[PDB]
Amino acid sequence: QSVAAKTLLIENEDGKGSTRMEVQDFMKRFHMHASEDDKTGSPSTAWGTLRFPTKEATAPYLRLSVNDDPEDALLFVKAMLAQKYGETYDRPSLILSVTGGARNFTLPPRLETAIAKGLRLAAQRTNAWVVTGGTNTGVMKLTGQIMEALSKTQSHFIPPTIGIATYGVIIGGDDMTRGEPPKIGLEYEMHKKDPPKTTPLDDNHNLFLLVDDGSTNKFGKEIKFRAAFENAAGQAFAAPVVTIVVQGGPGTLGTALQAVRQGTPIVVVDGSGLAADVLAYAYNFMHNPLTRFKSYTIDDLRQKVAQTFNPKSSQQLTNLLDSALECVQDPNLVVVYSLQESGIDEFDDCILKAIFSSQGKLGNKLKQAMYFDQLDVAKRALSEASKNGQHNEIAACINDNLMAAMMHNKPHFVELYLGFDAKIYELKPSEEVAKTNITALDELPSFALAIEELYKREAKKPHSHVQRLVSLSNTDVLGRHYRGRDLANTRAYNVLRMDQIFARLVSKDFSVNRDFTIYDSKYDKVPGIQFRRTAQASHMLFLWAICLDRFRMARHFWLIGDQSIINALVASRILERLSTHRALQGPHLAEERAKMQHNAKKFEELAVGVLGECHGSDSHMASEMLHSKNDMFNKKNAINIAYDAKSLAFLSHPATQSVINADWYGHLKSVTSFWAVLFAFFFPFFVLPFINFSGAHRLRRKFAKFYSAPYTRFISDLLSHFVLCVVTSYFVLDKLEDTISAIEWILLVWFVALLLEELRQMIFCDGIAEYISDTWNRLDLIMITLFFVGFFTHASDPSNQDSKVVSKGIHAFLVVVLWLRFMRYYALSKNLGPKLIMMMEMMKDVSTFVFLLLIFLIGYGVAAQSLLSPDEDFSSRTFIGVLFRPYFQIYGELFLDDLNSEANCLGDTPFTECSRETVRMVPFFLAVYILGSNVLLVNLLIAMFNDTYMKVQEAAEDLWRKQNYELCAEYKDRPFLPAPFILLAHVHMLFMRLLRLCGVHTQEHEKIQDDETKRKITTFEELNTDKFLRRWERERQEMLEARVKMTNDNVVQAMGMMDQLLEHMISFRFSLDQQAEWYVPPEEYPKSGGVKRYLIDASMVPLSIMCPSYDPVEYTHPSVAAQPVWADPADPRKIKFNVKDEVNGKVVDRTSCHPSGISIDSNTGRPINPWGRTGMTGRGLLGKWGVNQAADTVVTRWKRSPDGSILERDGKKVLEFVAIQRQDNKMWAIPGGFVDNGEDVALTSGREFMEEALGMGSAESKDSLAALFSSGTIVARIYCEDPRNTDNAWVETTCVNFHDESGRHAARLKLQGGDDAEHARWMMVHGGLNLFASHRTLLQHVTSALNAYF
Ligand SMILES: CC(C)CCC[C@@H](C)[C@H]1CC[C@H]2[C@@H]3CC=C4C[C@@H](O)CC[C@]4(C)[C@H]3CC[C@]12C
Ligand SMILES: CC(C)CCC[C@@H](C)[C@H]1CC[C@H]2[C@@H]3CC=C4C[C@@H](O)CC[C@]4(C)[C@H]3CC[C@]12C
Ligand SMILES: CC(C)CCC[C@@H](C)[C@H]1CC[C@H]2[C@@H]3CC=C4C[C@@H](O)CC[C@]4(C)[C@H]3CC[C@]12C
């Protein structure tokens, strides 16, 4: 059962954390209306969760008012997601608004499949919030059906499908309202007839917001609130809002128009229907450069709109047509998806294209491109930005993009961003770290804080193994194993502590050395510093990638850095130990754990592989690389690391074994056999000079090298132990004297020296636990203990005979252990050593044989002893009789003569004529016994040995190869002098320790390899690493499975190509099948405050017609009546019309182009307009009596696609002119203005063009603009159909066209609306333009002159 929530985490307005507050306290801010009349309203009692049939999960619902804040509703959705999925839920990087048809519609299956596939891919990759209407009809129901499969096929996080619906139309509203909130799991009955509503809610939507205004059955109350919520969500999550238009009626066109106007991009699904097909045609008409769109015309679009929506009136059709053409004006904000052009799997690419055309900046576009997993798009965008001189923005956003690529596990994107000159060690954290009192932590660079941010961000996720690893580690902040609190928690995932955790994971004495001092600016001049900074940075990132088990990024950082082999071994050890750990146990963590083991093996393979390649190329150089001491792991070589990582595969390799055997012999040629080194040992001056060598300067150096060799110390220890065995053996065989003899004193000194060496090893080397673990140290302790017990037994009373006998008895055991201990030196041999390991394995079979024989031995022995002597008291002799002869009869010594004597049988035949008949059963029992022991048990032991031997021979060989290094390491650190004389070595070490600790008169000296040989080793290792990876990749591509898989995919691609072929075929099938005028101005005068003219019909406008019923209204605007400089005087007397007239000595164009001319009224002296009646006398808004000369500047260029081809419509080339949107009435118009005093059309045209299209106004661009402005042609001088025109003042225009044939000069113009223009843009010229006044006639004249489309 589901427990109702009592408290909710509401995110703060600062966006930093969530505060917990009661549900009843939070919900008070939402209101509901009981009736339409109500405005203030009452609190909402309708909120909770709804349970829908055949749906497992419940959907939350909140009924809120129209006046309610959309931020509060956004907080509600965030609170629900925060409760269900935890605080660290996947934030949306995309808001998908689905609008369209309210009524039900059927789409084609392929188109539906393409939309469904693309929308599911986009939604699951970006964690997008899909906002629809929420009702169970049409596009909302369709979107629900698309997201239903996403909710079924995917686990954990499901992207919300928010439905915002009006409450006044919803079935079942009263049931939802009445009750005590919250209603947990309330049943919704969509088929129940709740009067008078017939609209049900979609059952596949994950949340519901019911917006109420008190009305009933009045749809569309929530359209604005929905737009406000989408905009609010987009600002809050810094995510683009993408509207998707499928189908769609007349209101969808206005919705899409609203969406474009607010800057929100739209994706129109072509082939769906109605508004979408109309919008798709219209865009294709205004932008697409393909050959099949060249036949597109407005007439056919108008025909399409008329046949599809069927308007009642022509004005409605005109308004729909104007709005439809207005939507696709800006090509960036509209993206049309079509099946026959883009493709079935290209809808998410179209969504990404809309996103890239929406927000213009490199960082947002690259982050979204990462989210959709389109590297090619990101690569092309980066290349285009690189070519166009946008390198600064690239460098400014590359870090944040690289950080984002690391967080979301995208290695290919990591490789891309790193390739475009982004330094790996220049990473910066997103937040700012607070200052810390610790000097080690304050020394840390920026990229360390960036790695700390990656650890923190990954760690805050639910059920993360990193948090368990850090908590179970039981360490402080700097990683030391010591177990205030606030720092220890805010910076718990620092890099030093993580380095310490990984160090414990490798072994007990692994300590990685960091040097962050090299990242200061003072070291930049040092040669090769950029490599070192790179390498260290790479290493730290590498370790982070090993911890999160991301193999691909780990492999990438491993290949970027250096010291490949050692890093692979360390990685293998950390992953193998990490997979079997307390932090990774759990039912849900199983598969990753598995992954870890897999990854471990892979790294191990790498470590072996590279090494192998090295041994193929140069054996000596490979030997040199394995001997190199590396500073980062406390100055020791790769074999030491490999032993610490327990890499049995690496140690058993022939190259590694060759270096271990080269370390043996102390690097000399002729020292190879036992006899050669033994002969050279005894005879130093007679075999060493005449031998291959790798003055007192040289002979002394070779002597110090030969006797410093570990093999020589082994030979010295063997010879020493052999003399000890021989001398102790003679001592125990020869009789003891009546006093302590000289040989006894020599043996006493020898065993004290041995005892002191064992104590020195215990206190000063490994540890007591480590010493006792070894079996040979235990044997050493037993032999010293036995000798001292025997020696003190003799020395207590030397003349006592009994003491001599007991002392030799103890010393018998001493000689047995001494000769048994001599076997320890057999382990160095390649023949005797593995066999010794095999003997220790076969001891369990020996124990099995002993347990089985013991049964038969005691059973037969008690029975036989009782049978031989049935009338004897039990004594110690009875017990010996039970074990003596039974045990020795299994080795073939049968005491049948002795048994015959004991049985008292006097016959010649062996057990006849006996005193008792029972004793005649003595040979029968024996007969059974030796059948059991010799024929059965011994032969089974032979069978067990053969089986055991075959099983553990290879493992014994591998274990011997690890022990070869162990023995080499052991005899490297050992004291130089042999056992009897080691006391001198002990006193020498004590003297050095006293002189070093107290005296401080000496130090340690060593040799450091040059940088030349170091970079030589580094180059070799890097080259062979690349060579092994190439060989490994080629070998994996030549496998049979890979070839079968690749041929299979090729056959799949072949069908795909046939599918394309069939589409082209069906297209021909279709192709072959089809192969067989008076102007009357509006009544209300503009900008006059509602003053209206005298209305006249269009058949009464001409001046030739009489029209006696004419009573115009005299109105003059306040602006004209205030008398500015460009306005003529209110009294028109003394002014001459029909000729160029001089005002203040400057000529103005007062002559009209009308053939009749301007007529002067006799009564008032005012001029009369020759272009017809306008129902208004006076000057109105026009400043000049008669002809107001205006100049219009049509700056044109050919509309070209990026490829360079000119766009073509109706068989004519299409022009494009700069058009401005007027400030006063928000209608688009041609830029222009009245001709000033003393100037011509050239100056007026240029000044108006600079003022309107350019606003404020260089260098070359000014020269291009001057070159474009130097060739203008007066195309027309006509009368304007301007609504401010009256009978005594009318506008007459001169049109000047500035055409850019090449298009170079026009492309440098930065269009930006200024003065009395709101926006300016390039707009294609056509006959369906809704422009101000008679500017269509002027463009018609421009296109007529240039033979362009109209
Ligand atoms: C761990 C192993 C190798 C050591 C075995 C212990 C040996 C050294 C000890 C343990 C018990 C000892 C025996 C105990 C009793 C006696 C009886 C005495 O009248 C003569 C010596 C003799 C026979 C001892 C000889 C030494 C002895 C066998
Ligand atoms: C126990 C199973 C395996 C087989 C049984 C065989 C036993 C019961 C048989 C085999 C050999 C037999 C013995 C052979 C001969 C003699 C001599 C006779 O004057 C008295 C009985 C005596 C001493 C027999 C006693 C029973 C005996 C021990
Ligand atoms: C193939 C193998 C198992 C052959 C079997 C041999 C058996 C049947 C033989 C071997 C030795 C024999 C024993 C040898 C000696 C004596 C003592 C005699 O006073 C009675 C019979 C008795 C006790 C025999 C019984 C049978 C005997 C146990």
Side-chain angles (χ1 to χ4, degrees), residues 724-725 728-729 731-733 735-736 747 751 754-755 758 772 774-801 803-824 843 855-856 859-870 876-877 879-880 883-886 889-890 892-896 898-907 909-940:
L724 179 66
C725 286
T728 306
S729 300
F731 169 70
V732 174
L733 284 171
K735 70 179 289 182
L736 286 165
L747 288 177
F751 276 97
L754 286 182
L755 174 61
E758 288 315 291
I772 297 301
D774 194 21
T775 297
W776 305 114
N777 290 334
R778 303 162 147 196
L779 282 180
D780 276 323
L781 194 64
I782 291 156
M783 67 174 282
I784 287 148
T785 304
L786 284 175
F787 171 79
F788 278 120
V789 172
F791 174 85
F792 286 138
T793 304
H794 181 225
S796 68
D797 210 9
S799 71
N800 198 26
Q801 180 67 35
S803 283
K804 286 191 51 196
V805 168
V806 172
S807 160
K808 278 189 179 308
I810 295 154
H811 283 163
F813 291 87
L814 169 66
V815 150
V816 171
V817 166
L818 295 174
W819 285 106
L820 286 178
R821 181 179 180 274
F822 199 82
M823 250 176 13
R824 155 165 181 188
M843 274 318 104
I855 295 304
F856 300 176
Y860 163 69
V862 172
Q865 179 65 26
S866 74
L867 207 57
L868 288 161
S869 307
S876 61
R877 304 180 44 251
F879 200 80
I880 298 150
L883 303 162
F884 177 77
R885 287 195 212 288
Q889 273 162 338
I890 61 171
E893 178 40 66
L894 320 171
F895 309 87
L896 284 173
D898 296 313
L899 288 173
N900 180 37
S901 297
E902 284 150 7
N904 290 122
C905 301
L906 301 175
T909 326
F911 284 83
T912 56
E913 313 179 15
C914 319
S915 50
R916 310 173 311 242
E917 291 291 289
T918 44
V919 77
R920 305 181 62 176
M921 308 190 289
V922 159
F924 167 75
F925 276 76
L926 175 61
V928 176
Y929 171 62
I930 60 182
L931 189 72
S933 62
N934 288 101
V935 175
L936 172 61
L937 282 187
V938 162
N939 293 325
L940 188 147

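In each ligand, atom 1 is the first atom listed, and ligand 1 is the first ligand listed. The figures here come from the full heavy-atom set of this structure, side chains too, leaving out hydrogens, waters and symmetry mates. The residues of the chain are indexed from 1 along the displayed sequence.
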Which protein heavy atom lies closest to [atom], and at what distance to 0.1 Å?
atom: atom 1 (C) of ligand 2; result: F924 CZ, 4.3 Å
atom: atom 14 (C) of ligand 3; result: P923 CB, 4.3 Å
atom: atom 13 (C) of ligand 2; result: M921 CG, 4.7 Å
atom: atom 3 (C) of ligand 3; result: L931 CD2, 5.0 Å
atom: atom 18 (C) of ligand 3; result: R920 NH2, 4.0 Å
atom: atom 11 (C) of ligand 3; result: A927 CB, 4.5 Å
atom: atom 19 (O) of ligand 2; result: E917 OE1, 2.7 Å

Backbone of [Y] reached by a side-chain donor or acceptor of [X] within 3.5 Å:
X: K804; Y: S799; result: no
X: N934; Y: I890; result: yes
X: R916; Y: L868; result: yes
X: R778; Y: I772; result: yes
X: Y929; Y: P886; result: yes
X: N939; Y: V935; result: yes

Sub-4.0 Å protein heavy atom next to [atom]:
atom: atom 9 (C) of ligand 2; value: no
atom: atom 16 (C) of ligand 3; value: yes
atom: atom 28 (C) of ligand 3; value: yes
atom: atom 23 (C) of ligand 3; value: yes

Would you call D774 and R824 a salt bridge, using N to O less than 4.0 angstrom? no

Quick check on contacts: which atoms of ligand 1 are under 4.0 angstrom from a heavy atom of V806? 20 (C), 21 (C)

Answer yes or no: are there more than 12 heavy-atom neighbours, outside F822 itself, under 6.0 Å from its atom CZ? yes

Side chain, backbone, both or neither: which part of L786 has a heavy atom under 4.0 Å from ligand 1? side chain

Describe, in one word, how the ring planes of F787 and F751 are oriented to each other, choosing from parallel (under 30°), tilted (30 to 60°) and perpendicular (over 60°). parallel

